[PDB]
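J.: Supplied in structure tokens, the structure appears directly below.
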Amino acid sequence: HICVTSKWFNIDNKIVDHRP
Amino acid sequence: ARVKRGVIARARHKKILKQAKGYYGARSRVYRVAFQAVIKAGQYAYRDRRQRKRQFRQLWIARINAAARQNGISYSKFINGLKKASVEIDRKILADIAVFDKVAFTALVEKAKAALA
Amino acid sequence: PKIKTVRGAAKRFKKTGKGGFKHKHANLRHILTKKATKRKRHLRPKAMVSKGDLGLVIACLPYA
Amino acid sequence: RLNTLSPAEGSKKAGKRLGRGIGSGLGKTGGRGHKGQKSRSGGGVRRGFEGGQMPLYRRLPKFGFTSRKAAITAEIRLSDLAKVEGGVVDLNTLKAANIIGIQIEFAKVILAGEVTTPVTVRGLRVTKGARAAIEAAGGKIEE
Amino acid sequence: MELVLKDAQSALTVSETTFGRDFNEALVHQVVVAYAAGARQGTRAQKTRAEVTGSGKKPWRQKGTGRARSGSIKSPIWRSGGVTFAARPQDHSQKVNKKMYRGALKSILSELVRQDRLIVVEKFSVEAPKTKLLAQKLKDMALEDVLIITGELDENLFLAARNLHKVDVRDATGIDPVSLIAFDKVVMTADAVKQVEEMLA
RNA sequence: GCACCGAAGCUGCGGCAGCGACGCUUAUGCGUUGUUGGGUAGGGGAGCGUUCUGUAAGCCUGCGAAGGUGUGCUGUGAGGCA
RNA sequence: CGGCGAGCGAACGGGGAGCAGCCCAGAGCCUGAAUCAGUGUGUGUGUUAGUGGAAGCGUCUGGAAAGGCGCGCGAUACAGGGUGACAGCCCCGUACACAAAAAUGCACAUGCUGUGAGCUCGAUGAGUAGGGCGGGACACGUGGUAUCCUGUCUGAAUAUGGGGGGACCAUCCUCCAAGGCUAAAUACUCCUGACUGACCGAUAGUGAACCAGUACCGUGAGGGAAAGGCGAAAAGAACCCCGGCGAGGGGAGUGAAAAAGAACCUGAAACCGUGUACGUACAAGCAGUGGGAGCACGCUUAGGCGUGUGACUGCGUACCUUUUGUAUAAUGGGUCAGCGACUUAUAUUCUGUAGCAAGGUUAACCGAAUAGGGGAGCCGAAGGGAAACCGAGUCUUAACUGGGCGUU
Ligand SMILES: N[C@@H](Cc1c[nH]c2ccccc12)C(=O)O
Ligand SMILES: N[C@@H](Cc1c[nH]c2ccccc12)C(=O)O
Ligand SMILES: [Mg+2]
Ligand SMILES: [Mg+2]
Ligand SMILES: [Mg+2]
Ligand SMILES: [Mg+2]
Ligand SMILES: [Mg+2]
Ligand SMILES: [Mg+2]
Ligand SMILES: [Mg+2]
Ligand SMILES: [Mg+2]
Ligand SMILES: [Mg+2]
Ligand SMILES: [Mg+2]
Ligand SMILES: [Mg+2]
Ligand SMILES: [Mg+2]
Ligand SMILES: [Mg+2]
Ligand SMILES: [Mg+2]
Ligand SMILES: [Mg+2]
Ligand SMILES: [Mg+2]
Ligand SMILES: [Mg+2]
Ligand SMILES: [Mg+2]
Ligand SMILES: [Mg+2]
Ligand SMILES: [Mg+2]
Ligand SMILES: [Mg+2]
Ligand SMILES: [Mg+2]
Ligand SMILES: [Mg+2]
Ligand SMILES: [Mg+2]
Ligand SMILES: [Mg+2]
Ligand SMILES: [Mg+2]
Ligand SMILES: [Mg+2]
């Protein structure tokens with residue numbers, strides 16, 4: 001199809017720092 | 001010389017799926033899953049060829065025992081009899097006769113009792 | 001390409017007759033005055049590389 | 001008959017392939033073992049290296065000195081000379097019989113056994129045992 | 001070693017060492033194989049990752065995307081473009097010692113007699129450059145598959161047989177190992193025999 | 001104190017393979033017979049099949065090749081034959 | 001040569017390919033005389049269209065013969081492609097023999113232009129050689145460092161002269177710098193022609209077998225796809241029926257085949273349904289395995305037999321990896337299919353095997369081209385010593401009763 005464009009981000013984003 | 005591959009491949013694969021026939025879901029559909037199912041079936045078998053001889057012996061010994069008790073004597077004494085019954089040797093399966101020929105059995109019990117007297 | 005001899009080793013071993021290697025002893029190049037004459041004396045004549053190091057030396061001198 | 005020839009038995013060893021399955025004997029790891037520098041593409045350590053320890057070919061002292069004169073001296077066996085072609089074994093001549101090599105400028109004769117045909121050797125040096133063998137075979141040794 | 005001269009029964013007399021010697025299978029097998037190699041040309045394709053067509057840009061971030069590592073779009077693991085150990089044009093020529101080559105021919109001749117597949121003749125030549133002629137000579141001689149090593153080689157004998165498929169004609173020097181074995185019968189003029197006699201010493 | 005249950009240990013019956021010896025018999029293979037055969041890293045040995053060259057202007061093939069899908073048989077297996 | 005590390009790495013001499021030698025630094029006479037290029041013509045020879053080019057029929061199977069079988073025929077032609085399946089004789093070719101009106105590459109031969117030849121007598125490359133300082137080149141890292149180049153400052157001799165012979169000096173030997181030209185053996189392939197492959201066959205092979213550097217992405221540089229096959233022949237489905245003058249479908253007809261109908265050769269696997277047999281709504285877990293009734297189906301003549309299902313039942317925590325150890329609640333995998341990892345070259349050593357043997361073998365190159373020639377050379381037959389040197393010994397020491405390495 002024409003149908004062919006994927007610009008998948010970076011992870012997605014929000015949160016996490018999980019105690020250091 | 002480039003090698004096509006892949007005709008021999010599905011040969012290997014189908015060789016396995018065929019062995020998986022009957023298994024549930026992926027175990028019979030999906031090679032990656034089937035190749036495992038096929039192996040472990042093999043593993044159990046190899047094991048259970050040895051188990052079979054165990055399971056039946058205790059099957060035999062179980063019913064040898066009731067019949068012995070039925071003729072008023074425990075399995076313990078009863079094998080000891082036949083042992084001591086002037087040598088004499090006779091399979092625990094062949095004590096099959098306990099189910100199909102009960103006089104022959106009782107008859108065997110007596111012969112055993114006598115040696116124990 | 002031809003192997004290159006590990007040039008440093010070339011300057012410290014010489015293939016002998018039966019295929020051995022012979023070398024100069026260490027410990028005889030300076031700070032001598034405090035060493036027994038007996039010791040220094042025994043360190044003059046060359047000596048064969050031991051069985052354990054043969055492996056090394058040969059790999060260093062393919063064209064020995 | 002062009003499909004009835006076959007090579008001598010044990011002249012064509014198959015040769016490790018490795019990396020092809022459990023049965024092969026050299027699957028998975030391919031006889032390289034588990035981890036470390038020696039596995040891994042382009043692994044290994046250079047010759048002479050023996051961990052960071054000072055290597056044998058460095059603990060031991062140099063003792064060279066290359067003669068350079070030696071490089072142009074040949075040695076001659078008694079077994080030669082018969083093959084010199086002309087009964088005169090000369091400064092070169094041997095050279096022409098391809099038993100010395102052009103660049104050579106010196107030569108001893110060495111008791112390396114077996115001389116028969118009488119021969120006169122000229123301009124060479126010759127050991128005590130070689131002289132004796134030459135002479136005892138009707139040979140002559142003029143300088 | 002005498003050889004029945006076929007037509008004008010005469011006997012030729014040949015060297016026992018070059019015509020009566022034991023068949024050394026291995027030794028011939030090395031030379032025939034060797035000859036079959038070196039028939040080869042190199043001429044070969046395949047682009048290592050160094051020579052597939054694309055930029056050297058990293059397809060996507062080391063870490064972060066949920067993706068496998070990925071480094072070069074020309075990677076053999078990836079699809080289009082790869083070939084881990086791409087071949088190059090190469091030379092399959094083997095050596096074969098002088099004395100081993102000769103050693104093989106002798107084992108081969110000295111086996112062709114032993115199966116009388118070698119029939120030696122005083123003179124062999126066709127009267128005109130016409131295939132049909134040669135076809136007939138062979139017919140009369142009871143032959144289809146033949147090597148026919150002529151003494152000095154002539155125009156007409158060559159142009160005939162150029163088109164007969166199972167038959168070739170070579171001069172004395174043109175003798176190669178596969179051919180001796182290739183054809184069902186090797187003819188050879190008694191004149192050629194003497195040439196070969198010496199060539200092999 | 002005498003039974004008996006209980007393991008892939010021991011024994012029994014059949015079979016394979018390596019190394020032995022002894023007898024039949026030696027471009028060996030039989031018959032015994034004693035013995036050995038868990039196995040990762042790894043070393044050694046022997047093989048199956050795939051692509052391509054010769055052998056091959058041969059051989060198979062429209063009275064049905066390759067491939068696909070079943071089925072029977074066969075080998076210790078990779079497999080093979082139909 | 002070298003933090004004498006890692007590494008770098010000659011020359012002398014030898015075997016081969018190809019070979020070729022000339023001008024200026026100048027004036028006199030004789031003068032345009034050799035020669036070179038540029039150019040016109042001629043000729044020959046290649047090129048850019050072309051021409052001729054042998055010989056097969058019968059029958060069987062088939063939709064179709066080139067196939068099988070039979071009997072002929074050409075072959076200096078059995079290279080190859082095509083044709084309804086595999087064709088020497090159907091077609092196009094092939095071998096072979098021929099052809100150029102014109103334009104051209106290449107050789108010669110000359111015409112025109114430009115150019116100098118020849119003899120006599122001369123001349124013989126100075127801000128250079130060398131040196132100092134700084135670097136750079138030489139295999140050579142300043143090292144005892146010759147030699148070459150020069151940014152910088154200097155600066156000769158001139159044939160009775162000068163350079164080099166690896167610091168340096170003598171002797172000897174050998175060459176003539178500070179001006180140039182010069183063909184071949186050598187390198188390369190955007191492109192033209194012909195031929196070849198133990199090279200790939202549509203995820204392979206060019207990124208591209210296809211209207212691909214396209215569609216697409218990017219402000220731009222720039223990145224960069226997917227996607228081949230109906231049939232022998234379109235004979236590509238007239239006409240009829242349902243339907244919205246639809247989509248899609250069923251007939252009809254073409255064809256060997258329509259299950260080859262264009263979403264078209266083969267048509268696997270994941271994945272999703274319809275149909276039938278058997279099991280399943282009191283039962284707990286890697287889902288199988290050993291046992292095992294019933295049912296459906298075939299058997300056999302029964303005979304606890306084949307196939308399918310599998311109540312009930314003994315045992316039973318997947319795979320990989322990584323680990324002292326993993327059901328592990330530690331890694332990796334949603335599934336299938338295709339692809340995806342110990343190669344190649346050159347050295348060196350060991351084993352096997354082959355040849356020959358105190359010898360073995362050639363490299364380039366020649367080539368009647370896997371032959372034959374070529375033994376330059378390499379390995380071995382002698383070792384010991386840093387070395388001179390000695391030699392079945394030698395080194396150690398004044399010397400070994402010795403000792404080290406060697407002699408089998
Ligand atoms: N939530 C993010 C983690 C994260 C935190 N900060 C971010 C910034 C950018 C991208 C991702 C993150 C994840 O799923 O991984
Ligand atoms: N670590 C904090 C804040 C936070 C959210 N996203 C982050 C990304 C990066 C660093 C910190 C954060 C939390 O998770 O509550
Ligand atoms: Mg048991
Ligand atoms: Mg000192
Ligand atoms: Mg690993
Ligand atoms: Mg480790
Ligand atoms: Mg390791
Ligand atoms: Mg020589
Ligand atoms: Mg890059
Ligand atoms: Mg993922
Ligand atoms: Mg590719
Ligand atoms: Mg040769
Ligand atoms: Mg085991
Ligand atoms: Mg195939
Ligand atoms: Mg024509
Ligand atoms: Mg024709
Ligand atoms: Mg001069
Ligand atoms: Mg020049
Ligand atoms: Mg492609
Ligand atoms: Mg395909
Ligand atoms: Mg189709
Ligand atoms: Mg119930
Ligand atoms: Mg449950
Ligand atoms: Mg429970
Ligand atoms: Mg741990
Ligand atoms: Mg471990
Ligand atoms: Mg466990
Ligand atoms: Mg879980
Ligand atoms: Mg896990």
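Chain labels follow the order of the structure tokens: the first chain is A, the next B, and so on; residue numbering restarts at 1 in every chain, and ligands are counted from 1 in their shown order.
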Counting only C-alpha atoms (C1' of nucleotides), collect the residues of chain F whose closest atom lies at most 7 Å from chain B, and write them out as a PyMOL selection string.
T.: chain F and resi 3-4+50-52
J.: Any chance you could export the current selection's N, CA and C atoms (P, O5', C5', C4', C3', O3' and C1' of nucleotides) as a PDB file, in the first residue's frame?
T.:
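out.pdb, written as the output of this step:
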ATOM      1  P     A F   3      15.116 -66.837  56.013  1.00  0.00           P
ATOM      2  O5'   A F   3      14.062 -65.667  56.009  1.00  0.00           O
ATOM      3  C5'   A F   3      13.437 -65.324  54.796  1.00  0.00           C
ATOM      4  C4'   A F   3      11.945 -65.260  54.945  1.00  0.00           C
ATOM      5  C3'   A F   3      11.285 -64.342  53.947  1.00  0.00           C
ATOM      6  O3'   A F   3      11.042 -65.019  52.744  1.00  0.00           O
ATOM      7  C1'   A F   3      10.587 -63.739  56.103  1.00  0.00           C
ATOM      8  P     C F   4      12.021 -64.753  51.513  1.00  0.00           P
ATOM      9  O5'   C F   4      11.278 -63.531  50.819  1.00  0.00           O
ATOM     10  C5'   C F   4       9.883 -63.617  50.581  1.00  0.00           C
ATOM     11  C4'   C F   4       9.187 -62.305  50.779  1.00  0.00           C
ATOM     12  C3'   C F   4       9.650 -61.159  49.906  1.00  0.00           C
ATOM     13  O3'   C F   4       9.120 -61.212  48.602  1.00  0.00           O
ATOM     14  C1'   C F   4       9.400 -60.412  52.116  1.00  0.00           C
ATOM     15  P     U F  50      21.053 -35.276  -1.615  1.00  0.00           P
ATOM     16  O5'   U F  50      21.261 -33.739  -1.353  1.00  0.00           O
ATOM     17  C5'   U F  50      20.144 -32.912  -1.150  1.00  0.00           C
ATOM     18  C4'   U F  50      20.586 -31.519  -0.849  1.00  0.00           C
ATOM     19  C3'   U F  50      21.346 -30.812  -1.956  1.00  0.00           C
ATOM     20  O3'   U F  50      20.520 -30.288  -2.981  1.00  0.00           O
ATOM     21  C1'   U F  50      22.475 -30.522   0.084  1.00  0.00           C
ATOM     22  P     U F  51      20.793 -30.622  -4.540  1.00  0.00           P
ATOM     23  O5'   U F  51      21.782 -29.463  -4.989  1.00  0.00           O
ATOM     24  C5'   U F  51      21.322 -28.131  -5.132  1.00  0.00           C
ATOM     25  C4'   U F  51      22.467 -27.171  -5.224  1.00  0.00           C
ATOM     26  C3'   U F  51      23.419 -27.427  -6.363  1.00  0.00           C
ATOM     27  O3'   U F  51      22.935 -26.845  -7.554  1.00  0.00           O
ATOM     28  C1'   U F  51      24.640 -27.137  -4.368  1.00  0.00           C
ATOM     29  P     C F  52      22.807 -27.719  -8.885  1.00  0.00           P
ATOM     30  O5'   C F  52      24.292 -27.743  -9.441  1.00  0.00           O
ATOM     31  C5'   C F  52      24.871 -26.537  -9.890  1.00  0.00           C
ATOM     32  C4'   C F  52      26.365 -26.536  -9.753  1.00  0.00           C
ATOM     33  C3'   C F  52      27.147 -27.567 -10.554  1.00  0.00           C
ATOM     34  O3'   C F  52      27.259 -27.221 -11.929  1.00  0.00           O
ATOM     35  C1'   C F  52      28.001 -27.433  -8.363  1.00  0.00           C
TER      36        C F  52
END
J.: Select the residues contacting ligand 21 at a distance of at most 12 Å, based on only C-alpha atoms (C1' of nucleotides) and all ligand atoms, then format the selection as a PDB file with N, CA, C and O atoms (P, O5', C5', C4', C3', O3' and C1' of nucleotides), in the first residue's frame.
T.:
ATOM      1  P     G G 229       4.704 -11.690 -12.448  1.00  0.00           P
ATOM      2  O5'   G G 229       5.309 -12.901 -13.265  1.00  0.00           O
ATOM      3  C5'   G G 229       5.515 -12.789 -14.663  1.00  0.00           C
ATOM      4  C4'   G G 229       5.481 -14.136 -15.320  1.00  0.00           C
ATOM      5  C3'   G G 229       4.262 -14.980 -14.972  1.00  0.00           C
ATOM      6  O3'   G G 229       3.826 -15.691 -16.127  1.00  0.00           O
ATOM      7  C1'   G G 229       6.241 -16.149 -14.391  1.00  0.00           C
ATOM      8  P     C G 230       2.604 -15.128 -16.995  1.00  0.00           P
ATOM      9  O5'   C G 230       1.574 -16.343 -16.963  1.00  0.00           O
ATOM     10  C5'   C G 230       0.981 -16.755 -15.738  1.00  0.00           C
ATOM     11  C4'   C G 230      -0.323 -17.462 -15.982  1.00  0.00           C
ATOM     12  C3'   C G 230      -0.276 -18.473 -17.114  1.00  0.00           C
ATOM     13  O3'   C G 230       0.158 -19.736 -16.661  1.00  0.00           O
ATOM     14  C1'   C G 230      -2.095 -17.003 -17.446  1.00  0.00           C
ATOM     15  P     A G 258     -10.416 -27.564 -16.449  1.00  0.00           P
ATOM     16  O5'   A G 258      -9.802 -26.105 -16.296  1.00  0.00           O
ATOM     17  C5'   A G 258      -9.254 -25.668 -15.058  1.00  0.00           C
ATOM     18  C4'   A G 258      -9.993 -24.460 -14.545  1.00  0.00           C
ATOM     19  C3'   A G 258     -11.523 -24.543 -14.685  1.00  0.00           C
ATOM     20  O3'   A G 258     -12.259 -24.536 -13.436  1.00  0.00           O
ATOM     21  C1'   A G 258     -10.632 -22.535 -15.747  1.00  0.00           C
ATOM     22  P     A G 259     -11.934 -23.561 -12.209  1.00  0.00           P
ATOM     23  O5'   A G 259     -11.087 -24.453 -11.196  1.00  0.00           O
ATOM     24  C5'   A G 259     -10.326 -23.840 -10.156  1.00  0.00           C
ATOM     25  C4'   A G 259      -9.121 -24.667  -9.776  1.00  0.00           C
ATOM     26  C3'   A G 259      -8.250 -25.105 -10.959  1.00  0.00           C
ATOM     27  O3'   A G 259      -6.887 -25.249 -10.546  1.00  0.00           O
ATOM     28  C1'   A G 259      -9.153 -27.014  -9.920  1.00  0.00           C
ATOM     29  P     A G 260      -5.747 -25.840 -11.536  1.00  0.00           P
ATOM     30  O5'   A G 260      -5.161 -24.573 -12.305  1.00  0.00           O
ATOM     31  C5'   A G 260      -5.974 -23.756 -13.141  1.00  0.00           C
ATOM     32  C4'   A G 260      -5.157 -22.657 -13.782  1.00  0.00           C
ATOM     33  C3'   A G 260      -5.893 -21.385 -14.182  1.00  0.00           C
ATOM     34  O3'   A G 260      -6.144 -20.528 -13.085  1.00  0.00           O
ATOM     35  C1'   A G 260      -4.472 -22.046 -15.941  1.00  0.00           C
ATOM     36  P     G G 261      -7.609 -19.908 -12.842  1.00  0.00           P
ATOM     37  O5'   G G 261      -7.796 -18.856 -14.004  1.00  0.00           O
ATOM     38  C5'   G G 261      -6.984 -17.705 -14.083  1.00  0.00           C
ATOM     39  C4'   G G 261      -7.823 -16.475 -14.308  1.00  0.00           C
ATOM     40  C3'   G G 261      -8.884 -16.196 -13.242  1.00  0.00           C
ATOM     41  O3'   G G 261      -9.041 -14.784 -13.099  1.00  0.00           O
ATOM     42  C1'   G G 261      -9.930 -16.457 -15.329  1.00  0.00           C
ATOM     43  P     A G 262      -8.885 -14.069 -11.668  1.00  0.00           P
ATOM     44  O5'   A G 262      -7.796 -12.947 -11.944  1.00  0.00           O
ATOM     45  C5'   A G 262      -6.417 -13.275 -11.982  1.00  0.00           C
ATOM     46  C4'   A G 262      -5.727 -12.601 -13.141  1.00  0.00           C
ATOM     47  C3'   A G 262      -6.025 -11.126 -13.334  1.00  0.00           C
ATOM     48  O3'   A G 262      -5.248 -10.298 -12.487  1.00  0.00           O
ATOM     49  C1'   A G 262      -6.168 -12.251 -15.413  1.00  0.00           C
ATOM     50  P     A G 263      -5.959  -9.236 -11.505  1.00  0.00           P
ATOM     51  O5'   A G 263      -5.625  -9.796 -10.052  1.00  0.00           O
ATOM     52  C5'   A G 263      -4.282  -9.926  -9.594  1.00  0.00           C
ATOM     53  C4'   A G 263      -4.234 -10.715  -8.314  1.00  0.00           C
ATOM     54  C3'   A G 263      -4.705 -12.162  -8.455  1.00  0.00           C
ATOM     55  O3'   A G 263      -3.944 -12.992  -7.592  1.00  0.00           O
ATOM     56  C1'   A G 263      -6.083 -11.030  -6.899  1.00  0.00           C
ATOM     57  P     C G 264      -2.584 -13.626  -8.143  1.00  0.00           P
ATOM     58  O5'   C G 264      -3.044 -14.512  -9.384  1.00  0.00           O
ATOM     59  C5'   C G 264      -2.192 -15.505  -9.946  1.00  0.00           C
ATOM     60  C4'   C G 264      -2.957 -16.393 -10.888  1.00  0.00           C
ATOM     61  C3'   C G 264      -2.142 -17.265 -11.827  1.00  0.00           C
ATOM     62  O3'   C G 264      -1.688 -18.447 -11.206  1.00  0.00           O
ATOM     63  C1'   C G 264      -3.888 -16.200 -13.027  1.00  0.00           C
ATOM     64  P     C G 265      -0.128 -18.667 -10.919  1.00  0.00           P
ATOM     65  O5'   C G 265       0.413 -19.419 -12.194  1.00  0.00           O
ATOM     66  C5'   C G 265      -0.357 -20.435 -12.785  1.00  0.00           C
ATOM     67  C4'   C G 265       0.480 -21.632 -13.125  1.00  0.00           C
ATOM     68  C3'   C G 265       0.796 -22.560 -11.977  1.00  0.00           C
ATOM     69  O3'   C G 265      -0.281 -23.449 -11.730  1.00  0.00           O
ATOM     70  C1'   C G 265       2.767 -22.116 -13.204  1.00  0.00           C
ATOM     71  P     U G 266      -0.804 -23.672 -10.232  1.00  0.00           P
ATOM     72  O5'   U G 266       0.412 -24.430  -9.544  1.00  0.00           O
ATOM     73  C5'   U G 266       0.904 -25.645 -10.088  1.00  0.00           C
ATOM     74  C4'   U G 266       2.235 -26.010  -9.488  1.00  0.00           C
ATOM     75  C3'   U G 266       2.239 -26.105  -7.979  1.00  0.00           C
ATOM     76  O3'   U G 266       1.822 -27.383  -7.560  1.00  0.00           O
ATOM     77  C1'   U G 266       4.102 -24.825  -8.720  1.00  0.00           C
ATOM     78  P     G G 267       0.437 -27.575  -6.772  1.00  0.00           P
ATOM     79  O5'   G G 267       0.502 -26.478  -5.628  1.00  0.00           O
ATOM     80  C5'   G G 267       1.629 -26.433  -4.764  1.00  0.00           C
ATOM     81  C4'   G G 267       1.605 -25.226  -3.871  1.00  0.00           C
ATOM     82  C3'   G G 267       0.305 -25.006  -3.095  1.00  0.00           C
ATOM     83  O3'   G G 267       0.624 -24.571  -1.780  1.00  0.00           O
ATOM     84  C1'   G G 267       0.892 -23.060  -4.246  1.00  0.00           C
TER      85        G G 267
END
J.: In Å, with one decimal, what is the gap from atom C1' of residue G:382 to atom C1' of residue G:14?
T.: 26.7 Å
J.: Taking into account only C-alpha atoms, which residue in the set E:45, E:199, E:68, E:32 is nearest to residue E:86?
T.: E:45
J.: Pick out the residues sitting within 9 Å of residue E:76, and hand them over as a PyMOL selection string; count only C-alpha atoms (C1' of nucleotides), and ignore anything fewer than 6 positions along from it in its own chain.
T.: (chain E and resi 48-49+82-84) or (chain G and resi 340-341)
J.: Please save C-alpha atoms (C1' of nucleotides) of the selected residues as a PDB file, in the first residue's frame.
T.:
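Output below, filename result-v1.pdb:
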ATOM      1  CA  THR E  48      31.434  -8.488   1.422  1.00  0.00           C
ATOM      2  CA  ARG E  49      29.742  -5.939   3.625  1.00  0.00           C
ATOM      3  CA  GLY E  82      25.825  -9.218   3.190  1.00  0.00           C
ATOM      4  CA  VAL E  83      27.688 -12.433   2.435  1.00  0.00           C
ATOM      5  CA  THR E  84      30.003 -13.132   5.333  1.00  0.00           C
TER       6      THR E  84
ATOM      7  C1'   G G 340      21.811 -15.573   9.115  1.00  0.00           C
ATOM      8  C1'   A G 341      28.063 -16.997  11.797  1.00  0.00           C
TER       9        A G 341
END
J.: Specify as a ChimeraX atom specification all residues of chain F found within 9 Å of chain E, counting only C-alpha atoms (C1' of nucleotides).
T.: /F:53-54,57
J.: Pick out the residues sitting within 12 Å of stretch 140-144 of chain E, and hand them over as a PDB file with C-alpha atoms, in the first residue's frame; count only C-alpha atoms (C1' of nucleotides), and ignore anything fewer than 4 positions along from it in its own chain.
T.:
ATOM      1  CA  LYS E   6      48.000 -54.508 -36.139  1.00  0.00           C
ATOM      2  CA  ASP E   7      47.922 -53.943 -39.927  1.00  0.00           C
ATOM      3  CA  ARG E 117      42.764 -50.485 -25.683  1.00  0.00           C
ATOM      4  CA  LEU E 118      45.950 -49.231 -27.334  1.00  0.00           C
ATOM      5  CA  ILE E 119      46.287 -50.418 -30.959  1.00  0.00           C
ATOM      6  CA  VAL E 121      49.799 -48.793 -36.336  1.00  0.00           C
ATOM      7  CA  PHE E 124      47.467 -43.518 -40.120  1.00  0.00           C
ATOM      8  CA  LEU E 133      36.079 -40.612 -45.083  1.00  0.00           C
ATOM      9  CA  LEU E 134      37.364 -40.834 -41.557  1.00  0.00           C
ATOM     10  CA  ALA E 135      34.009 -42.108 -40.380  1.00  0.00           C
ATOM     11  CA  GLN E 136      34.498 -44.974 -42.848  1.00  0.00           C
ATOM     12  CA  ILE E 148      44.546 -41.484 -32.505  1.00  0.00           C
ATOM     13  CA  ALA E 161      36.975 -35.719 -36.674  1.00  0.00           C
ATOM     14  CA  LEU E 164      32.992 -36.538 -34.996  1.00  0.00           C
ATOM     15  CA  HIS E 165      32.213 -36.234 -31.322  1.00  0.00           C
ATOM     16  CA  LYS E 166      33.689 -39.341 -29.717  1.00  0.00           C
ATOM     17  CA  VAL E 167      36.941 -39.098 -31.706  1.00  0.00           C
ATOM     18  CA  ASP E 168      39.817 -36.674 -31.453  1.00  0.00           C
ATOM     19  CA  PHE E 183      38.480 -42.583 -25.036  1.00  0.00           C
ATOM     20  CA  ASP E 184      37.548 -46.254 -25.328  1.00  0.00           C
ATOM     21  CA  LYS E 185      40.508 -46.945 -27.578  1.00  0.00           C
ATOM     22  CA  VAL E 186      43.767 -45.014 -28.134  1.00  0.00           C
ATOM     23  CA  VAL E 187      45.216 -45.608 -31.636  1.00  0.00           C
TER      24      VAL E 187
END
J.: DSSP on the backbone, helix (DSSP H, G or I) only: what residues of stretch 6-99 of chain D does that give? Format it as a ChimeraX atom specification.
T.: /D:56-59,70-72
J.: Considering only C-alpha atoms, tabulate each residue of chain E that lies at most 12 Å from chain D along with its nearest interatomic pair and the corresponding distance in Å to one decimal; arrange the rows by chain and ascending residue number and present them as a Markdown table.
T.:
| residue | atom | partner | partner_atom | distance |
| --- | --- | --- | --- | --- |
| E:23 | CA | D:5 | CA | 11.3 |
| E:24 | CA | D:8 | CA | 10.1 |
| E:25 | CA | D:5 | CA | 6.7 |
| E:26 | CA | D:7 | CA | 5.1 |
| E:27 | CA | D:7 | CA | 8.1 |
| E:28 | CA | D:5 | CA | 8.1 |
| E:29 | CA | D:5 | CA | 5.9 |
| E:30 | CA | D:7 | CA | 7.1 |
| E:31 | CA | D:7 | CA | 10.5 |
| E:32 | CA | D:2 | CA | 8.9 |
| E:33 | CA | D:7 | CA | 9.5 |
| E:34 | CA | D:7 | CA | 12.0 |
| E:36 | CA | D:2 | CA | 11.2 |
| E:108 | CA | D:1 | CA | 10.9 |
| E:111 | CA | D:1 | CA | 11.0 |
| E:112 | CA | D:1 | CA | 10.6 |
| E:115 | CA | D:1 | CA | 11.3 |
| E:117 | CA | D:1 | CA | 11.4 |
| E:177 | CA | D:2 | CA | 10.5 |
| E:178 | CA | D:2 | CA | 7.8 |
| E:179 | CA | D:2 | CA | 9.5 |
| E:180 | CA | D:2 | CA | 9.9 |
| E:181 | CA | D:1 | CA | 6.3 |
| E:182 | CA | D:2 | CA | 6.5 |
| E:183 | CA | D:1 | CA | 9.0 |
| E:184 | CA | D:1 | CA | 8.7 |
| E:185 | CA | D:1 | CA | 11.4 |
J.: Should the cut-off be 9 Å, what would the residue list for chain D against chain C look like, counting only C-alpha atoms, as a list in words?
T.: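 The complete set of qualifying residues is residues 47, 48, 49, 50, 56, 57, 58, 59, 60, 61, 62, 63, 64 and 65 of chain D.
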J.: With distances taken over only C-alpha atoms (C1' of nucleotides), which residue among G:73, G:11, G:91, G:287 lies nearest chain B?
T.: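 Smallest distance to chain B is found for G:287.
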J.: May I ask you to write as a list in words all residues lying at most 9 Å from ligand 6, with only C-alpha atoms (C1' of nucleotides) and all ligand atoms counted?
T.: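 So the residues close to ligand 6 are residues 34, 35 and 36 of chain D.
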J.: What lies within 10 Å of residue F:32 using only C-alpha atoms (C1' of nucleotides), ignoring chain neighbours under 6 positions off, as a ChimeraX atom specification?
T.: /F:22-24
J.: Those selected residues, please, written with C-alpha atoms (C1' of nucleotides) and delivered as a PDB file, in the first residue's frame.
T.:
ATOM      1  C1'   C F  22      41.780 -69.334  21.413  1.00  0.00           C
ATOM      2  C1'   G F  23      39.941 -71.868  17.521  1.00  0.00           C
ATOM      3  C1'   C F  24      37.728 -72.018  12.234  1.00  0.00           C
TER       4        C F  24
END
